[PDB]
Amino acid sequence: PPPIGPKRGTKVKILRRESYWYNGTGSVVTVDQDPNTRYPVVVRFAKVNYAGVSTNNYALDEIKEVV
Amino acid sequence: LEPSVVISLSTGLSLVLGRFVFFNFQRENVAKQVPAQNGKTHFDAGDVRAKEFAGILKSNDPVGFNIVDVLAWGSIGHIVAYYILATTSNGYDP
Amino acid sequence: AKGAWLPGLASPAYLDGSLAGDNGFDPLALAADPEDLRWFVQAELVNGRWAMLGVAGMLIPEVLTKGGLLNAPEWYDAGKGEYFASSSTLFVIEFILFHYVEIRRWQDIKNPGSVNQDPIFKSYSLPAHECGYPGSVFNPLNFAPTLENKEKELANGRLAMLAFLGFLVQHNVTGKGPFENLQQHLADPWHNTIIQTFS
Amino acid sequence: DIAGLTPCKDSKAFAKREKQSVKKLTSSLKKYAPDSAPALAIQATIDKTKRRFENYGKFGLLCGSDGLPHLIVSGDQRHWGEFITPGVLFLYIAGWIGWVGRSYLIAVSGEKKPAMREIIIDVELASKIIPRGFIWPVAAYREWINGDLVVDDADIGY
Amino acid sequence: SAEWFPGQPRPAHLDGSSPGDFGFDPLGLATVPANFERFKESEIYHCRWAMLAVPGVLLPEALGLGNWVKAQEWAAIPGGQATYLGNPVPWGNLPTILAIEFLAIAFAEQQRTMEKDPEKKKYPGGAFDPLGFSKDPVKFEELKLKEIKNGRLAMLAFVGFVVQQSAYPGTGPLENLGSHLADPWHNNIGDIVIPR
Ligand code: CLA
Ligand code: CLA
Ligand code: CLA
Ligand SMILES: CC1=C(/C=C/C(C)=C/C=C/C(C)=C/C=C/C=C(C)/C=C/C=C(C)/C=C/[C@@]23O[C@]2(C)C[C@@H](O)CC3(C)C)C(C)(C)C[C@H](O)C1
Ligand SMILES: CC1=C(/C=C/C(C)=C/C=C/C(C)=C/C=C/C=C(C)/C=C/C=C(C)/C=C/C2=C(C)CCCC2(C)C)C(C)(C)CCC1
Ligand SMILES: CCCCCCCCCCCCO[C@H]1O[C@H](CO)[C@@H](O[C@H]2O[C@H](CO)[C@@H](O)[C@H](O)[C@H]2O)[C@H](O)[C@H]1O
Ligand SMILES: CCCCCCCCCCCCO[C@H]1O[C@H](CO)[C@@H](O[C@H]2O[C@H](CO)[C@@H](O)[C@H](O)[C@H]2O)[C@H](O)[C@H]1O
């Protein structure tokens, strides 16, 4: 079975409208391989949001790979 | 100078312009401008007082000239007539 | 060869020495971008040639008249003289004649070889060259464009720009022209300097 | 003259105000010994006042019916010393300050923790960037031409 | 490349086989072909009126009948009566002049826009080409080019007339030419451009 999602260290762009980092960029940490996981992509950011958090989970259709 | 001549001449010229000059443009721009609300006309939406009157619109004129058109161009005729009839004695007006 | 404007200082990396007149002088990093470098290379030649011409035609008439073989005003008064045409006509002629030649020069900077063709007589053009150094008609005696001659041109142009700046500043404080200022310095060298000018 | 105003060198109210101020100072001066320090200070103030009125008179300012100088800022070439030239100086200095600030922020953003360099200044780096404000109008113009000054709207985000 | 500006690239929507295309369109107002055709027609219509108007501005002034501006002054006088070649016009009354002009021109210009052929819209035939010159298409296109060129040169001349009239109130076109010929080195645009 092929591994899903981008590889670790990839730079990605966020497409979720209600997210703090919308239209920004982050780094992929890991991808969960369980088919039942709804939001499997873990992304880390340089700047913290209003709650002081700097990491978040996203679905495969909410992130775009930037080269 | 003579109102009974000026008004008649102005009305005649306005009616000629209406019936023979700008008829096609008016009757083709009118077909594309029908008031509507939410994709339906006012009478189709429920307004019983918005029905378009049918008796006064028909005519035996070859092109469809009717009473409403008569009044529309006659009003222009009288307005222009009294404009010329006013800036003759003494009128410095636009 | 590539010298140093300040013995003991390191040269910039982008001034490797492929241009005439390179001496590693760019402390304020104007020419870090490659395109800025080309633009400034052209601008240096243009401002320098204009300064050379201005200094020559600004100094020679003064000494000619002071010798006694001519009666002409100072450079700061020649614009207030009597000529066959008014100043406005001369300015308009200048503007019209220069829009054409300056846009012609601009079109060659934008893309070399674009405006080499003669517009009217469709039989003459400029052979391949380098921007800022054309040839053909502009080199009547057909001299040799060696690296030595380009350095000799650049050195005199850079000198002339400072000379013109000096003339402009010296006229706004003394008000007597360059040669009078030089002879005043040569009269009493220790009592005629810029310090005595302001005091 | 302009707008019904009068040059300050020919205004009677201006001279009246000068005389009133000088008389008010002299009344205080007449309370101390001639060689005492307060007398010298008051005399220096009087000389300064006279110099101020003379310079205002001979610098071409205009005075109203109240007898006070008024400034003209419509573009008239007889009054550029009032607004236009100092305005050019203000713009030049402000552009220098802003340009060196932006260049420091750009030069420092490439590190591991850029914020640490914003509460503690790297003076060695700043002393190489400060002199470059001398030619900010050229650098900013060239940066604008090449598309290095502005960020595209699509790329803006936290 | 662009013929109007040597060394400049041609526009994408231009470079076609048009009567007068030199690749000049800095603002790109002709991106839509449906706008481009009507712009061609409008250009022809402005050109023809300007070409027809230039002699109508140059002849009466040269015949000592008053410049093109003073000829409109009698309409501003309450008792003003029109004159033509020195002969008073019996029907010079302003109201009828303003009436019959509107009444006739409205019909004459309403007729011309009922046509639907775009190619024939710019260049009709029939009673407008009595001698006939469309027999040879090559010479036809050559004449089209030699017509559009003179039309642009005439529009430039009319704008020059308006601006020179605004610069020297009360004067005429040929009067300015006479003044220029009198003192070439002192009477130029320099005085207006640099005002005193
Ligand atoms: C580069 C050419 C040059 C030369 C040879 C001179 C020469 C002279 N200047 Mg001038 N000057 C120049 C440039 C030059 N100046 C520049 C660029 C400025 C603008 C800052 C001035 C501003 C100026 C003023 C305000 C005054 C003079 C005055 C003088 C005279 C007295 C000396 C003095 O006080 O100098 C003062 C020097 C400076 C203010 C700065 C000079 C800077 C230049 C670039 C140095 C050149 C170095 C170079 C190695 C020298 C080569 C010498 C020779 C081979 C050409 C003297 C004839 C005085 C005068 O009129 O006396 C009667 C005077 O009042 N100059
Ligand atoms: C590098 C400094 C810098 C620069 C280039 C800008 C630039 C800008 N600011 Mg910003 N700003 C800054 C610092 C800066 N700001 C700081 C420190 C604050 C906190 C007080 C603000 C608060 C602020 C507000 C509230 C607004 C702007 C606005 C603007 C814009 C219009 C100009 C204006 O109104 O300025 C006015 C700004 C000030 C008077 C604040 C003081 C600026 C200082 C003097 C800058 C230099 C200080 C710095 C420590 C120097 C470091 C040097 C380095 C070598 C170490 C423009 C994009 C306006 C905007 O959005 O326009 C669209 C706007 O509304 N700024
Ligand atoms: C009103 C007259 C008019 C019109 C409708 C057109 C229309 C056209 N011209 Mg023509 N042209 C005109 C006048 C006109 N021209 C004049 C006076 C000249 C001589 C200077 C030329 C020279 C010319 C050339 C060399 C070329 C064209 C071309 C074109 C076509 C493409 C450009 C375009 O989309 O223009 C649309 C134009 C408008 C919508 C008008 C906009 C007007 C703005 C809003 C204001 C302008 C103010 C003016 C600049 C004030 C100063 C005037 C002063 C300098 C005289 C189009 C069919 C090109 C082509 O391919 O033709 C087939 C082409 O190569 N024209
Ligand atoms: C290079 C460099 C730097 C330095 C840059 C410097 C110092 C630049 C200096 C540039 C200067 C002074 C340029 C001067 C140009 C002068 C010119 C073109 C003068 C032209 C004069 C002409 C046509 C005169 C005509 C006339 O006289 C005549 C003929 C006859 C008269 O009747 C009429 C007039 C009109 C007066 C730093 C900024 C310091 C750091 C960076 O990193 C590297
Ligand atoms: C051809 C023909 C015919 C005939 C027709 C006719 C003859 C018609 C007419 C028509 C007409 C004849 C119409 C009219 C109209 C009018 C109008 C519509 C008016 C209006 C007015 C007004 C509105 C006014 C107002 C005012 C006042 C009140 C006061 C003062 C001011 C003013 C003036 C403004 C027939 C049928 C046999 C058929 C066949 C053919
Ligand atoms: C009186 C004064 C009259 C002045 C008349 C002359 C005005 C000259 C205006 C020059 C504008 C230069 O900047 C203008 O084009 C640049 C591209 O070349 C744009 O730059 C944009 O496109 C570039 C690619 O071409 C990208 O690399 C940039 O990241 C992007 O911002 C600027 O966003 C725009 O503002
Ligand atoms: C200063 C003013 C001077 C005026 C002088 C008088 C000018 C009179 C011009 C009258 C033109 C009348 O036009 C007359 O010929 C046209 C050209 O064949 C016809 O037009 C028709 O033929 C055209 C050319 O083939 C085609 O576009 C169409 O089939 C149709 O429009 C009109 O249907 C006819 O009525």
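Side-chain atoms are counted along with the backbone in the values below, which use heavy atoms only and exclude waters and symmetry mates. Quick note on labels: first sequence line is chain A, next is B, and so on, each numbered from 1. Indexing begins at 1, ligand by ligand and atom by atom, following the structure's order.
Protein heavy atom at the shortest distance from atom 17 (C) of ligand 6 is D/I145 O, 4.2 Å. Annotation: atom 51 (C) of ligand 2 to nearest protein heavy atom, D/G101 CA, 4.4 Å. For atom 33 (O) of ligand 6, the closest non-hydrogen atom of the protein is D/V150 CB, 4.5 Å. Remark: minimum distance from atom 12 (C) of ligand 4 to any protein heavy atom is reached at C/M161 O, 4.0 Å. With respect to atom 5 (C) of ligand 2, the closest heavy atom belonging to the protein is D/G98 O, 4.1 Å. In terms of protein heavy-atom proximity, atom 46 (C) of ligand 2 is closest to D/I97 CG2, 4.3 Å.
Ranked by closest heavy atom to atom 31 (O) of ligand 6, the top entry among D/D152, D/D155, D/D148 is D/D152.
Neither the backbone nor the side chain of D/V151 comes within 4.0 Å of ligand 6, counting heavy atoms alone.
Side-chain contact between C/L45 and C/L154: present, with at least one pair of heavy atoms (C-beta onward) separated by less than 4.5 Å.
Using a 30° and 60° split on the angle between ring planes, C/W50 and C/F98 fall in the tilted class, from 30° to 60°.
By the definition of a contact as any protein heavy atom under 4.0 Å away, atom 6 (C) of ligand 4 is not in contact. Proximity of atom 37 (C) of ligand 4 to the protein is not indicated, since no non-hydrogen protein atom lies closer than 4.0 angstrom.
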